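Please read the structure below before turning to the comments.
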Amino acid sequence: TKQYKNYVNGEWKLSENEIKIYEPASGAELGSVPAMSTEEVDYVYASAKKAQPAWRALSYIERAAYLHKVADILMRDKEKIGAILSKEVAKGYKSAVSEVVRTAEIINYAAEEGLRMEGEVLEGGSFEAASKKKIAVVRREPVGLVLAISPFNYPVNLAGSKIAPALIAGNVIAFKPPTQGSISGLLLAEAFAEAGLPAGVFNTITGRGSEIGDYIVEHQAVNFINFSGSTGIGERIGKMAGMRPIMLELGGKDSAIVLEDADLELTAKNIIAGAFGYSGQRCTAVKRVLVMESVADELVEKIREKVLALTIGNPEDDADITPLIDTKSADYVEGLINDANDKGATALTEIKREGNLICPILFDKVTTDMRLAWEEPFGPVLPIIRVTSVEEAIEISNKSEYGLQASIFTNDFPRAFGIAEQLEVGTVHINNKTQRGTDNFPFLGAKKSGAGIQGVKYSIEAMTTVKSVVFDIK
Amino acid sequence: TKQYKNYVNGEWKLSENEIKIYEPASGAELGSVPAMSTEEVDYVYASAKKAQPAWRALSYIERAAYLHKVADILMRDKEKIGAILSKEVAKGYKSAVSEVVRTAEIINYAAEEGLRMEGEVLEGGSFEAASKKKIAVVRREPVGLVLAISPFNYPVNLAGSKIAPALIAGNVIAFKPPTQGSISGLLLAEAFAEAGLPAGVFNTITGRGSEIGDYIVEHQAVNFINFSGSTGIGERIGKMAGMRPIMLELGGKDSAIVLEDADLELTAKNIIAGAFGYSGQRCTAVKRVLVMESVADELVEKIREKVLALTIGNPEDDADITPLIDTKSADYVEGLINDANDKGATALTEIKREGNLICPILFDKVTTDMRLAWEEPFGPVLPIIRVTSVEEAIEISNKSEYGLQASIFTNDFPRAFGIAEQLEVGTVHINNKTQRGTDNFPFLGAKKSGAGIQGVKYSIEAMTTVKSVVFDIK
Amino acid sequence: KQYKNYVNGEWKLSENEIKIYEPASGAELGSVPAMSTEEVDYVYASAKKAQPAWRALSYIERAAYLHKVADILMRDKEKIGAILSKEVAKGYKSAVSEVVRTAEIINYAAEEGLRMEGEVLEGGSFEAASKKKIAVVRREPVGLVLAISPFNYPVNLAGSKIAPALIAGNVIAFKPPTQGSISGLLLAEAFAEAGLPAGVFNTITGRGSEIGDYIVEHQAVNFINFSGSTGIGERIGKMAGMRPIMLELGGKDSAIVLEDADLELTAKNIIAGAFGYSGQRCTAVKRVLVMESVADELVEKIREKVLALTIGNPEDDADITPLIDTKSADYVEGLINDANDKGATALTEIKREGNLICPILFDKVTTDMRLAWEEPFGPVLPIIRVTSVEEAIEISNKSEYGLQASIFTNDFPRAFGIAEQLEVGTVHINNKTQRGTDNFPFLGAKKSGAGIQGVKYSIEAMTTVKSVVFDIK
Amino acid sequence: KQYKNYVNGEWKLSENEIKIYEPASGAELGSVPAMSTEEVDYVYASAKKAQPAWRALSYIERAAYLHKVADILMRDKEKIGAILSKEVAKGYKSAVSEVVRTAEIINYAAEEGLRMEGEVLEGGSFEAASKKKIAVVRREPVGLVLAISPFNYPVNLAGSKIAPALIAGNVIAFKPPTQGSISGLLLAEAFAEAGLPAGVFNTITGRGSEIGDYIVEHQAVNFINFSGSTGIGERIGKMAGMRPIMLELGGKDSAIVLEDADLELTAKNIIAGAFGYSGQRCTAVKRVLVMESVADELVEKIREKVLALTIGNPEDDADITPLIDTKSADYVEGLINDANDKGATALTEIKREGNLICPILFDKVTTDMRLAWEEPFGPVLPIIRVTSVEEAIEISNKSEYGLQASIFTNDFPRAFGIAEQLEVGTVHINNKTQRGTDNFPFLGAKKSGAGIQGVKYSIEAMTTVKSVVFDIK
Ligand SMILES: NC(=O)c1ccc[n+]([C@@H]2O[C@H](COP(=O)([O-])OP(=O)(O)OC[C@H]3O[C@@H](n4cnc5c(N)ncnc54)[C@H](OP(=O)(O)O)[C@@H]3O)[C@@H](O)[C@H]2O)c1
Ligand SMILES: NC(=O)c1ccc[n+]([C@@H]2O[C@H](COP(=O)([O-])OP(=O)(O)OC[C@H]3O[C@@H](n4cnc5c(N)ncnc54)[C@H](OP(=O)(O)O)[C@@H]3O)[C@@H](O)[C@H]2O)c1
Ligand SMILES: NC(=O)c1ccc[n+]([C@@H]2O[C@H](COP(=O)([O-])OP(=O)(O)OC[C@H]3O[C@@H](n4cnc5c(N)ncnc54)[C@H](OP(=O)(O)O)[C@@H]3O)[C@@H](O)[C@H]2O)c1
């Protein structure tokens with residue numbers, strides 16, 4: 001199979017050791033990626049630090065052009081990359097091409113968003129008369145070397161969301177894709193190589209996150225860690241980061257609160273699309289329904305039928321439900337199913353597993369006593385929790401240690417907004433499924449779902465500090 | 001003994017154990033402060049979390065009103081507080097009173113700055129045509145419970161700079177002052193008590209940071225940690241915070257770069273004032289002069305003469321140089337002085353120590369081979385390092401692990417601005433000593449000097465998060 | 001009792017004066033000066049002379065002066081209110097409220113203004129070759145600002161211009177309305193006691209029909225901040241030449257009522273918005289556009305609430321007091337007669353006692369009636385029934401006025417979509433229209449005005465920018 | 001030969017036409033329609049009809065159209081520049097530069113405008129009782145914008161208005177200068193090929209002397225964005241009424257030279273800023289205010305550098321080219337004559353051949369000479385010797401113009417101090433004046449303009465705000 005290579009200091013490098021990658025759906029070998037040594041990781045960081053000063057010396061418009069070029073290249077090769085991305089993560093071919101497309105759209109937007117960066121002028125006379133002739137010219141500077149780490153489910157899209165914002169501001173990148181998804185990650189790297197950015201400005205790292213994961217995060221050459229993945233790992237990175245700045249996008253368990261005055265048809269469709277997209281292997285997705293009892297039977301009946309219409313199959317055919325990322329992930333999901341079942345939950349759709357392809361399951365009658373009501377499944381299993389008041393839904397919703405997003409289905413806006421203030425999440429969508437949707441929009445999670453505010457504009461702000469030059473006027 | 005109490009959930013409290021505080025300049029007992037146990041800490045936090053919701057439900061102008069009363073009380077009692085502060089940390093009485101005035105000003109400014117909290121409306125149609133009718137209404141929200149920790153040299157000033165910005169935003173506070181300075185800390189607490197903020201909104205914690213320090217920081221009730229202290233403790237706080245947000249203000253070794261075309265008389269005064277203020281026990285302060293050989297002889301001669309003009313005595317006499325904070329510090333400072341003398345640097349003043357009162361001393365011909373070239377003394381000792389190029393001055397300056405602020409004395413502004421870009425620090429002052437000065441201005445430190453951007457406005461932004469509510473217009 | 005203008009630190013009288021009478025009783029209140037052109041010239045010359053030293057002060061210093069003035073107004077709110085109440089026949093308690101509102105706006109403008117910020121723009125954003133070139137952009141004052149207030153809020157709509165103007169470093173020439181000049185000068189007193197530098201703040205009294213055009217045409221004035229009728233507003237638009245202006249003009253705010261509305265909540269908001277100060281409010285519900293199906297219910301509710309309104313003298317705090325003058329009363333009565341005479345259904349008796357007009361509600365008002373379009377400025381409310389939301393938007397936009405609008409309904413997304421279509425500045429959902437919350441932007445479309453007000457915007461409007469560009473080496 | 005106007009997606013000629021000739025050669029370039037008032041009415045009627053649907057489009061959709069227009073311009077920069085150069089006798093290479101610059105501004109405005117954001121304000125910021133009330137403020141287009149460019153930059157100063165306008169959701173009615181209308185129609189071609197909806201972008205041609213007032217006074221126009229003489233500008237101010245406007249008028253930029261100035265750097269900048277396009281530029285050094293102790297040395301450097309300036313035809317990219325028309329050169333000659341009679345010294349040959357005047361350097365110019373204040377728009381540079389910085393500022397501010405200023409010194413703190421005092425929009429330290437980098441603000445003080453330009457400010461200027469207020473429950 002093809003031995004992929006990391007892009008280091010303008011050169012493609014193999015490592016003495018490698019990691020073989022297999023297709024989650026077919027099981028066929030896709031290729032191998034390098035299993036870097038600490039020494040090699042040192043070389044990557046040393047290269048990026050050396051290239052930083054000259055990268056920062058360039059003009060904003062110059063750096064923007066480089067990023068636009070990468071986007072253009074990605075668009076040109078969107079089908080070649082999608083073909084392999086689809087295979088590497090058992091993701092539908094079309095959505096795979098979609099991820100590549102969104103990645104280009106984000107890179108472009110971040111490029112133009114970051115070149116308009118401005119500074120401020122503050123008046124000393126605002127705080128004290130004696131200082132009225134003193135002013136502060138405050139401009140933005142990069143934080144230095146940014147370590148970007150993406151997730152298996154969006155190894156490219158959630159790579160660009162970090163890389164472009166970091167680069168437009170004059171930062172340099174060390175990109176570490178998920179092992180399962182590193183080929184797609186290195187394919188993204190090829191685009192940066194061809195755009196011709198100076199050597200060391202963009203570099204990749206590959207190896208098992210469990211073998212060099214800590215080493216790359218603890219390394220003192222790194223000035224900022226931008227991460228997406230499980231909460232468990234996020235916590236660890238939080239500590240290893242020390243006092244250095246970070247950005248974390250972690251686990252989710254988005255609740256969809258359904259009131260009595262909700263358009264039940266619109267709620268059912270939105271929940272279906274949000275809950276079962278990518279077989280529930282999505283971070284920001286409806287993972288629990290908190291519906292007022294008087295409307296529960298009707299809502300559940302609607303959701304049941306819609307689940308039956310979902311297509312089940314191979315990513316090749318763009319099936320709604322494809323095989324899960326791996327065996328363990330599927331075993332884990334079966335565990336949640338067993339627990340809900342043993343404790344009384346009602347499965348309204350067939351419980352079936354063929355390999356790692358689990359059929360879409362609708363669990364009604366789920367209670368706060370079942371694991372499924374709290375733990376993030378990352379499988380096609382949607383639990384329905386019947387409540388008796390808005391107050392109860394909020395309690396249950398906030399009880400979760402997760403707070404990425406929430407949906408409120410109601411026709412009483414003012415109340416919706418009031419409820420929104422109470423929910424401990426980053427974003428609340430009214431009468432719509434949750435979604436990172438519209439990358440210029442802020443994206444964040446409360447509690448253990450993250451740290452920092454994402455969304456293009458915010459990402460750029462997050463990976464820059466300020467340099468204040470003060471002087472008195474004569 | 002005069003036993004001071006902590007302010008907890010609207011009440012004053014003592015603990016089974018206490019800590020006696022003495023005057024660093026005389027040994028006289030000032031009183032004692034409680035040495036809280038973990039249970040008492042747990043209660044402070046439980047009381048704060050309970051009061052946070054009702055505090056956040058208030059209007060901005062209401063919270064602003066409460067803060068303005070505190071400020072008025074502080075001004076009214078500036079002579080009272082100043083008197084005790086002066087004795088607790090052996091700081092000049094007049095500067096002590098000035099600290100209180102500075103605290104009130106900051107509280108007033110944070111009240112008005114924060115009540116004008118604004119949000120933003122983003123257009124979905126900015127990213128994709130299909131979401132043109134989708135908008136995002138983003139409003140600021142508090143993070144929750146903020147743990148504020150001040151240093152011994154500005155126990156009140158560096159308390160207000162955290163408390164007020166935090167409170168106006170809807171966060172609740174737990175204020176931990178430094179032990180040597182805890183009486184002044186509880187005096188400040190009095191103002192919040194008399195102002196009548198709801199019980200639990202503001203609370204204090206006293207005890208040895210080496211006995212409960214880690215406990216209060218590690219407690220999972222704390223949502224944010226705002227700290228000013230040594231780099232050592234800061235690094236420690238960065239780790240215990242996990243993935244929780246923090247603000248750190250640490251060690252400094254601000255350099256004063258002096259170019260050949262500088263106004264030597266103006267440069268000497270700024271240097272004398274900046275380096276010897278509060279006997280060098282300041283964080284933002286000229287602690288090393290990097291001066292071009294060409295003008296070094298003349299510059300040094302001016303500084304030498306101004307040093308001998310500095311008054312030395314007790315805090316009640318408003319002396320320039322007063323006894324250091326404690327024996328360990330005087331010992332340490334004496335150690336740095338001796339290492340420079342023994343290594344051959346040129347002492348331009350007599351070496352003299354009486355008790356913990358170290359006479360101001362100037363060293364010329366200091367080399368990078370000397371400890372005094374890098375270590376933060378926190379004593380009246382100023383090293384002069386001669387250089388032969390701006391290039392070298394910049395290298396020596398960036399070589400330090402500290403990067404709080406810096407001073408550039410020159411008449412070539414364009415170049416001064418150019419040099420500023422290269423200096424790894426937060427703020428660069430042209431023709432003026434370094435200073436946090438004008439609290440509306442950003443205040444941050446690079447490398448190991450800190451994390452986060454202070455300055456009233458920035459403090460508020462840092463201690464708030466965002467809540468996005470998205471819906472479609474019909 | 002003769003009142004004097006405040007000019008260049010001195011209180012000055014003119015030979016010619018103008019007596020002011022209580023609109024409710026007719027009792028003489030006092031007299032205000034009737035300035036000559038030369039006198040006006042001195043006010044302006046004093047201001048221009050003082051502007052440099054005024055601008056040279058720190059922002060915080062200027063804010064302290066304003067905070068002073070405000071504190072003084074709060075202290076004398078009853079004293080000033082008692083006279084304002086009588087000068088424009090406004091409820092005593094609400095007159096005091098105007099004073100407080102004025103103090104609040106002054107304080108708020110003080111703190112909003114000292115936080116004035118600048119920008120640092122990067123040349124490298126536009127072209128590589130200019131990457132070392134930066135622009136430090138700071139805000140500066142325009143110069144001399146001429147503020148003119150209306151009779152209905154002679155003080156409130158004075159401070160809303162003066163404070164924003166001053167904090168930014170401009171100097172003020174304040175022209176209160178003739179009927180309301182005593183309250184204006186009373187305000188002037190607060191500024192005098194505050195001790196602002198001589199010439200920084202000045203007042204001008206005199207009939208707008210005798211000197212109005214002169215004060216505006218004077219080439220010393222750099223900015224005109226006006227509140228009044230559209231007719232005058234439009235004139236100022238022309239006399240201003242190319243100079244910057246801010247105009248707050250006429251309004252005929254509509255209250256669109258949909259079928260899913262809370263009729264009880266809608267009625268109360270409409271009563272409050274329509275009859276406040278006897279309808280002598282610019283931003284106020286002046287026409288209801290309601291879906292037929294719920295028209296009958298809504299109208300019955302509004303009818304009863306109208307009858308519960310108090311009618312009387314300003315000292316008794318009546319809801320409905322005598323209109324500002326006889327000419328206005330005649331106009332309002334003409335609008336009432338035209339509606340009745342054309343077949344509109346009057347749900348309240350028609351009665352005028354002197355210049356006191358009783359609140360009246362007209363139902364079945366057609367676009368054929370004058371009341372459907374002209375700003376009455378009296379206690380008369382027309383109800384126009386429509387059969388669709390589309391028709392309500394058409395009827396609303398058809399007006400030449402577009403200050404604010406109200407939409408009563410439970411369908412928010414639809415309300416937002418309607419707001420976009422409405423040609424107005426602000427749309428309130430399930431609430432009467434209001435300038436309310438002075439930090440909020442306040443503006444009108446079409447013939448309702450020019451420029452965006454509200455503390456923040458007022459300040460931005462009365463300052464320009466100074467860009468200093470240089471290259472870093 | 002016969003060019004057509006682009007109206008509502010169609011190219012149309014008018015009953016009458018206007019012939020355009022090459023300023024430098026006199027040859028006929030072609031003709032442009034001479035619209036009748038009725039044809040103007042159709043342009044406005046068409047644009048107002050297509051505005052709603054143009055506004056209904058997403059920001060990114062509108063930005064895409066602008067990008068395409070920009071791309072077409074880059075593709076035809078030579079083709080267009082060749083004709084532009086001849087229409088206004090501008091160097092061929094700099095003519096192509098205008099087109100490029102125009103494309104750059106269009107792309108920048110597209111991306112700047114699509115990122116447009118709104119704001120949410122808290123009622124609880126002003127009063128505790130309105131803490132549940134919030135205002136969702138979003139930006140809306142003003143509607144129909146009339147864009148009018150000058151002869152010297154018919155394409156550049158057209159696109160600087162059109163792009164910021166369109167991205168915001170407004171519709172455009174573009175009126176170029178007669179001498180430059182062909183270029184303008186060439187620009188229109190790019191918009192037609194980009195395929196923007198019909199009526200969104202339209203052009204108007206006709207002598208600004210017959211329809212000039214008609215197009216401005218028309219009530220369909222919501223905003224007028226103009227660049228031209230102070231005279232026509234003052235007039236548009238009045239004809240605008242109370243409608244919003246943007247004016248970029250005349251300038252008499254001063255270059256203040258201090259004793260510590262880098263005289264060689266100073267001189268080079270002055271030569272470049274003063275004689276660019278034969279002085280037919282608005283933002284340009286038009287008067288040197290130099291300290292006496294260094295004048296002789298600076299004047300000598302300037303005198304020599306002037307002699308190195310090329311003089312000839314536009315096709316040869318000559319530094320100095322014929323002036324726009326006969327009257328202009330007559331006017332310049334009038335200035336040179338008054339300067340001579342009054343005593344000034346001409347250090348370079350005074351010569352006129354046709355409408356091509358050789359670069360003239362006048363030294364010993366006093367404030368009594370017309371040349372010291374009047375905008376020449378000819379290759380004539382007056383040097384005014386002062387004996388104190390205080391005087392330089394006085395003389396500089398004495399002018400009725402205040403577009404930009406240059407300060408050549410090395411004492412920055414002081415330069416900044418001088419800058420605050422200079423009554424201009426922008427101050428360049430040690431660099432000739434310039435609209436320099438389009439994201440930077442561009443504005444003029446006093447009679448040099450109205451409104452703040454610069455891409456970002458342009459967009460904000462041609463947009464209003466819509467506030468929807470509701471209470472959270
Ligand atoms: N909120 C959001 O925006 C967001 C976005 C994406 C994902 N998520 C969450 O991410 C999870 C699914 O992603 P995943 O399975 O890929 O998560 P994961 O197992 O946490 O890994 C995420 C990334 O972390 C790397 N990693 C592992 N151990 C590390 C260590 N010690 N130090 C540094 N990096 C280390 C991984 O490398 P290897 O692949 O080599 O192990 C991978 O690139 C879900 O819980 C989902 O909700 C949330
Ligand atoms: N950049 C800035 O703005 C800034 C401002 C102020 C000070 N500083 C730096 O601070 C130093 C002087 O202050 P200092 O000597 O008082 O600092 P310090 O010893 O680090 O202590 C500062 C505060 O931290 C508390 N603390 C100690 N151990 C702790 C622990 N394990 N967990 C949580 N809190 C703990 C202390 O309590 P106890 O008093 O009970 O030990 C005290 O309140 C200098 O290095 C100076 O440069 C910098
Ligand atoms: N500050 C700046 O950015 C800037 C930029 C460019 C020019 N300028 C100034 O403009 C002047 C040179 O330009 P110019 O000679 O073309 O200016 P102009 O004579 O004032 O005319 C400018 C534009 O106005 C049109 N126009 C004429 N009469 C009009 C009327 N009654 N109503 C509406 N529009 C009318 C002209 O049409 P016709 O061609 O049909 O006459 C032309 O398109 C100088 O004073 C220069 O400083 C300033």
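Just the heavy atoms: all of them, side chains too, but no hydrogens, waters or symmetry mates, feed the values below. Numbered from 1 within each chain, the chains take letters A, B, ... in sequence-line order.
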Taking all atoms of both residues into account, what is the closest heavy-atom pair of B:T427 and A:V470, and its distance?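 Taking B:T427 first and A:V470 second, the nearest heavy atoms are CG2-CG2, 3.8 Å.
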Please check if the side chain of B:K467 supplies one atom and the backbone of A:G426 the other of a donor-acceptor pair under 3.5 Å.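 Checking the backbone N and O of A:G426 against the side chain of B:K467, no donor-acceptor pair under 3.5 Å is found.
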Would you check if the side chain of B:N432 reaches a backbone N or O of A:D472 as a donor-acceptor pair within less than 3.5 Å?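 Side chain of B:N432 to backbone of A:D472, a donor-acceptor pair under 3.5 Å: no, none is there.
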Sort [X] into side chain, backbone, both or neither according to what part of it lies under 4.5 angstrom from a heavy atom of chain A.
X	value
B:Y109	side chain
B:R244	neither
B:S126	both
B:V137	side chain
B:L248	side chain
B:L250	side chain
B:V469	both
B:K457	side chain
B:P442	both
B:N431	neither

Which one wins on heavy-atom pair count under 4.5 Å against chain A: [options]?
options	answer
B:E128, B:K447, B:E120, B:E141	B:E120
B:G242, B:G455, B:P53	B:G242
B:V456, B:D439, B:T465, B:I453	B:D439
B:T438, B:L423, B:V428, B:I135	B:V428

At a heavy-atom separation under 4.5 Å, does [X] approach chain B through its side chain, its backbone, both, or neither?
X	value
A:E105	both
A:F417	side chain
A:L444	side chain
A:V138	side chain

Salt-bridge criterion met for A:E421 and B:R139 (N-O under 4.0 Å):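 Salt bridge present between A:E421 and B:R139.
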Using a cut-off of under 4.5 Å on heavy-atom pairs, state which of A:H429, A:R56, A:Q405 scores highest against chain B.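 Among A:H429, A:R56, A:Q405, the one with the most close pairs to chain B is A:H429.
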Interface residues of residues 221-241 of chain B facing chain A - non-hydrogen atoms under 4.5 Å apart: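 Heavy-atom contacts from residues 221-241 of chain B to chain A are B:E235, B:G238, B:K239.
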Is it true that A:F471 and B:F413 have ring centroids separated by less than 6.0 Å?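 Distance test on ring centres: under 6.0 Å, yes.
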Could you tell me the separation between the CE atom of A:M247 and the CE atom of B:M243, rounded to the nearest 0.5 Å?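 Reported value, rounded in 0.5 Å steps: 14.0 Å.
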